[PDB]
Ligand SMILES: Cc1cc2nc3c(=O)[nH]c(=O)nc-3n(C[C@H](O)[C@H](O)[C@H](O)COP(=O)(O)OP(=O)(O)OC[C@H]3O[C@@H](n4cnc5c(N)ncnc54)[C@H](O)[C@@H]3O)c2cc1C
Ligand SMILES: Cc1cc2nc3c(=O)[nH]c(=O)nc-3n(C[C@H](O)[C@H](O)[C@H](O)COP(=O)(O)OP(=O)(O)OC[C@H]3O[C@@H](n4cnc5c(N)ncnc54)[C@H](O)[C@@H]3O)c2cc1C
């Protein structure tokens, strides 16, 4: 049988890095088991434009995230806050994990989140040397082309930031403490210097920029290739076609097309793993030292539960025979991101509006991301951290995209046909999303694509027969996402109001207004904010604050109407994590509480979602697990000029 | 280990009956493999009202169809005809298959379908005995609490039938060929004899009645029970707690909590079956004579495909190792039913309207169904069989229910809240629904909840650069479902128009006007149908017709607006089948083409969907397969008085 010291389950954004840098620096046998197989010769994945449906048959025009042959299909239970919808969120299958099917963006997360929201031993100064290693291994690139809309938006944001600085409010969405009174907005001159948002020292927390960073590499021919975990750490230089290492890496052995279900125990120690190959044959893998599980946010708690780690009552209810430890917290507290969307129309003569929206197409260099800014807390938002007036946090990730990002049903309902050529998309992402859920298994026989996922986004609050004063804190806690989404809409509105004058100044004779969010409603919401200030959100429950005045009814009706759009006119991001975070299931050394020699090293073990995209954080967790297992800080001391070599075929 | 003579996979609506009567009438060892366990002591399933959520926890309020512990979650690929959404359809998991979580509505299917759409040897005179056996074994009951608007609707239908008969059209939705010139509308007299829609001779193909037949049995205590296949054929009288037969059924052996993946062949003949138990240990079962697969419409083709039966090219591409027989037709031609929904509002004084909609609440005997008729083709339907001038066909199933059956999003959008006490629902279910699809697997490792399911219903038509004279037939073939939906709306409108006068005559002083589908649009549709006759549907493509008058533009606009409602304001029925039909995957004796000793005996092996619900048809397939396997007409000649004995506990 197969025998080895360390067994890694799941070759995702962290498993590949862990296996690579663990086989390099040691001499013990390593086995990596992955559900899928390699895709180095598949044009759909390697080409960056294969993400947008470039090599798909006419009768099967679906993306990789909706394809069962590329990803798992984690259907969730009905959403009580979104009219009982059941969105599908996917995890990749094969070498590279979910990074094989993603947008290839890279955001670091910032300094404030790690300093304030993560436990001791995982502060920014302890993880920046691994962020640097991950970034230098991926080696992303910036945008090459540049449109005139970016400069106009940057100038409008600069004017807004100057106004906010002069106003003197302690907290705003365009203030940064580490810079001072100078707005942190890129210059619009042709010879300007870019403002990197992934700075080593984390100076840029609320920064307006001109470009993102995409994980692509230009090839000697002239085309681009997708740079992800699979071809970076598990390419032909290190792993051959038999799943064996070459040279120094001869210790590592990779098994392909192997789905695992259980971990065998001798009471407190893992002693084996069982999996099934392509012929339906059950195989058993001996474990000598340790087991590391990196199956992702959705499927790590399930494999933990069906092995006998969780609530004993429910596990005996469903029918688990072998039980090991009692953690009623396994699989609880799952976090994610959300992104409401906005559409804008441009008015004027066809020639000027055609010159205005030019040079904003999509190429493997930008992936449709013009990129505007990372924003802070709106001054009217009541739910802020305790020291939000001292250190600046990240809440919004502003983005700009061509075309219209809207489900076809809303496209028909609103009348904004994508065939039009005078519309563009602004998105105010939320990277501090409040709702939390949990995961439980349904049947204790085999891995299944659909466990029980509960995740309610925009719920409503029901009044009770109590004085309003003590009820208000409950309503404030319950209605956070709605307030955040509406304040993001207001942010976009102010940006458009400033950008009208900015564009008129820059030499474009055009005008702009919102169209999808029913500009009348946005204008009324802005007026209501301006006239009500801090207590504006009390109108979400008009019964307890009844004005008996036409203005009050008007504001309540407008707030009720605007609550409809974030439920349907938006989409969920596939940035789920924190389901098995540190402090609930594992300690600071990534060891499962109650056992001896098993560890979790994926995004599920994250204490708090990073302030942005989540590719780099999982790789950082894996890199830290490397020298936690080894015991010596090899990666933290590895020279920067040492990077893995790339083999294409 | 385990050895036997016949191995049955899946104890569904057909496997239960087949195993029961095959163990009764023979002397050979029989093994039944099921992926679930008995629910005889679970109030959610045994109580008929548990379907609506009578015993659900407040924080897990989900129906049995949406619960992963009760059913398989069959997610499908985006539907290009309904704005690209992915509805979820389930098969029940446990003793009784999908009959354990269904609405318990029993419809035989009709006679014309089995006389014009099934091969020789499967005509109505060869299946009526098995239909009678299934019906007497289940022993349904009729509704006990008769309402008042049922009589009003029946009188309106009688008036419409009189008008249609006096007119002289060859075909319409209230003409029955096997009844003469007398309308087939049930009497409204106090002592009226019931009209049975499941009659032995099949004379009622277009019949208007007052109550359906549902599978519930009244206990001596007073409360009702759910009488499905699981407790009918697999109760404690016959199968013990371990899973062994009792007395005469000593040859049976039932294995619970067993999921199968493979069928082991020896070149052309099955020799074994593999399954995984609750503990997670792979087991092997020997086969001596026969293997029968009854895993359902979705999951029987998957089992066949990953076993080595199907398109060799795709199977080899996805990694299937062993290939047995090449047949690219496996998993093709999937059919299902679609039910648009209509909402009506009643006007009048509160007392009269309150007493008008009385005695229509849902109780365990009618389950919210009052039932109207099995209607026929509309006179203006262009896509109808040529045989329709001699025989009558079932196309529309008409049902009524209190409250509003609408997704919450459309409930909010249309302004029709469920709190109103003056609304009721009319549903015209399409039972000759045209579109078809196919099923493919993604990974050759283990059974999965989500394989590739393609099903596109409301696809539109794009004109080409050709003369209209040859373009018209293709457009006529493509646009059938929209035509059927609009004609159903017109049928409901006519029924309401007649019901207004009938109610005003019967004593009530009220007015009924349809609301949800935007009455003005329906009025315009009715006027346009009357004006344009047979060629009304030509205006789905206003460019190709060449009409430019304001009337033509208005009619085209109305036809465009109305097409929005069927896509979203409806829900797909779980009556899927015909994916391994007779003559394409199996012969007339249910043996799989190209193989030696395996058969399929479920709803997937049906040649054409019946005119109504599909439980009885699946049970009939199983019952017929019983005596085909045995070779003697045991069940056809069994006396009607010999029925199984119920054993609740
Ligand atoms: C469509 C999409 C777009 C995204 N875009 C971005 C983006 O722009 N920026 C960003 O930062 N992040 C993005 N992400 C998220 C990013 O891809 C992941 O967060 C990241 O890969 C984290 O990796 P992980 O190891 O934690 O999880 P995964 O990469 O999902 O790890 C799962 C791995 O484990 C394997 N596995 C799972 N279950 C089993 C099992 N039972 N047995 C064996 N193996 C198993 C899988 O085959 C896979 O190899 C996107 C994700 C998706 C789905
Ligand atoms: C919500 C709902 C309501 C319905 N209402 C009605 C109604 O009112 N009237 C009506 O006539 N019909 C109704 N139906 C449909 C009806 O219940 C089914 O069509 C009928 O049971 C068909 O029987 P079958 O054996 O073909 O499918 P099923 O009974 O669903 O057969 C599936 C069986 O196979 C087993 N199985 C599947 N895969 C495997 C595997 N890999 N290994 C082992 N076992 C496996 C399952 O555990 C299950 O026992 C409804 C269905 C649903 C979902």
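Relative contact order of chain B: what whole-number percent is it, with Cα pairs under 8 angstrom and at least 6 residues apart?
Working: 1298 pairs, mean separation 145.0, N = 649.
Relative contact order for chain B comes out at 22 percent.
Just want the ordering: B:122, A:118, from fewest to most Cβ atoms lying within 10 Å of their own Cβ. Display every interim value, and only then the final one.
Numbers: B:122 17, A:118 20.
Ranked by crowding around the Cβ, least crowded first: B:122, A:118.
What fraction of the Cα pairs in chain A, stated in percent, has a spacing above 35 angstrom? Don't skip to the answer; put the middle values down first.
Numbers: 90972 of 210276 pairs.
Beyond 35 Å sits 43 percent of the P(r) for chain A.
Computed FRET efficiency, Cβ-Cβ of residue B:640 and residue B:560, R0 56 Å: what is it to the nearest 0.05? Present the calculation step by step, with values, prior to reporting the outcome.
Details: r = 55 Å, r/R0 = 0.98.
Calculated transfer efficiency: 0.50.
Could you state the angle between the C-alpha long axis of helix A:615-630 and the longest principal axis of the C-alpha atoms of chain A, as a value from 0 to 90 degrees rounded to the nearest 10?
Helix A:615-630 sits at roughly 30 degrees to that axis.
Determine the calculated [θ] at 222 nm for the protein assembly as shown from helices alone, applying -39500 (n - 2.57) to every DSSP H run no shorter than 4 residues and normalising by the residue count; nearest 500 deg cm²/dmol.
Details: 33 runs with 343 residues, N = 1298.
Mean residue ellipticity, 222 nm, calculated: -8000 deg cm²/dmol.
Fewest to most neighbouring Cβ within 10 Å: what's the order for A:37, A:378, B:20?
On the way: A:37 15, A:378 20, B:20 26.
Least crowded to most crowded, the residues run A:37, A:378, B:20.
Between residue A:352 and residue A:494, what is the FRET efficiency for a Förster distance of 22 Å, r being their Cβ-Cβ separation, to the nearest 0.05?
0.35
Shortest first, in nm, what separates the label point of residue A:37 from those of the same position in the other copies (7 Å along Cα→Cβ)?
Nearest first, the other copies' label points are 3.7 nm away.
Partner chain Cβ atoms within 10 Å, averaged over the residues of B:279-289 - can you pull that number for me? Please report the intermediate quantities before stating the final value.
Details: counts 7, 12, 3, 6, 1, 0, 0, 0, 0, 0, 0.
Partner-chain Cβ atoms within 10 Å, mean over residues of B:279-289: 3.
Tell me, what is a quarter of the convex hull surface for the C-alpha atoms of the protein assembly as shown, in nm² with one decimal? Spell out each step's value before the answer.
Numbers: hull surface 209.6 nm².
One quarter of the hull surface, i.e. the mean projection, equals 52.4 nm².
Residues of the stretch B:318-335 with the amide nitrogen closer than 13 Å to a label point 7 Å from the Cα of residue B:438, along Cα-to-Cβ, please.
B:327-334
Can you compute the modelled spin-label distance between residue B:543 and residue A:286, with each label point 7 Å from Cα toward Cβ, in nm?
7.1 nm
For the stretch B:16-64, compute Rg over Rh where Rg is the Cα radius of gyration and Rh is the Kirkwood radius from the inverse mean 1/r over Cα pairs. List each step's numbers first, then the result.
Details: Rg = 16.5 Å, Rh = 13.7 Å.
In the stretch B:16-64, Rg relative to Rh is 1.20.
Report the extension gain between residue A:391 and residue A:279 in nm, rounded to one decimal, defined as 0.36 nm multiplied by the number of residues separating them, less their alpha carbon distance. Kindly include the intermediate steps, with their values, before the conclusion.
Numbers: separation 112, 0.36 × 112 = 40.32 nm, distance 5.67 nm.
Going from the current span to full extension adds 34.6 nm.
Rg to Rh for the stretch B:114-232: what is it, with Cα atoms only and Rh by Kirkwood? All intermediate terms of the calculation are to be shown ahead of the outcome.
Working: Rg = 17.6 Å, Rh = 17.0 Å.
Value, to two decimals: 1.03.
Order these by the 10 Å Cβ neighbour count, fewest first: A:45, A:648. Numbers along the way, then the final one.
Numbers: A:45 25, A:648 13.
Least to most surrounded, the residues fall as A:648, A:45.
Can you figure out the FRET efficiency of residue B:519 with residue B:553, using R₀ = 25 Å and their beta-carbon distance, to the nearest 0.05? Let's see the in-between values first.
Values: r = 21 Å, r/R0 = 0.84.
Taking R0 as 25 Å, the efficiency between residue B:519 and residue B:553 is 0.75.
Any idea what the residue B:412 label distances to the other copies are, label 7 Å down the Cα→Cβ vector, nm, shortest first?
2.0
For the pair residue A:504/residue B:534, report the inter-label distance in nm, with labels modelled 7 Å from Cα in the Cβ direction.
6.4 nm
Find how much the distance from residue A:471 to residue A:313 grows on full extension, using 0.36 nm per residue of separation minus their present alpha carbon separation; answer in nm with one decimal. Walk me through the numbers on the way to the answer.
On the way: separation 158, 0.36 × 158 = 56.88 nm, distance 3.47 nm.
Working it through step by step, the gained length comes to 53.4 nm.
Could you please state, rounded to a whole Å, how far the C-alpha centre of the stretch A:508-536 is from the C-alpha centre of the stretch A:6-70?
Here the answer is 45 Å between Cα centres.
Within 10 Å of each Cβ in peptide A:73-80, how many partner chain Cβ atoms are there on average? Round it to a whole number, please. Don't skip to the end; give the middle numbers.
Numbers: counts 8, 2, 9, 0, 6, 5, 0, 3.
Per residue, the average neighbour count from other chains is 4.
Because the Cβ atoms are built from the backbone with ideal geometry, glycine has one as well, and the counts that use them run over all protein chains shown. No value in this document is a laboratory result; all are computed from the given coordinates.
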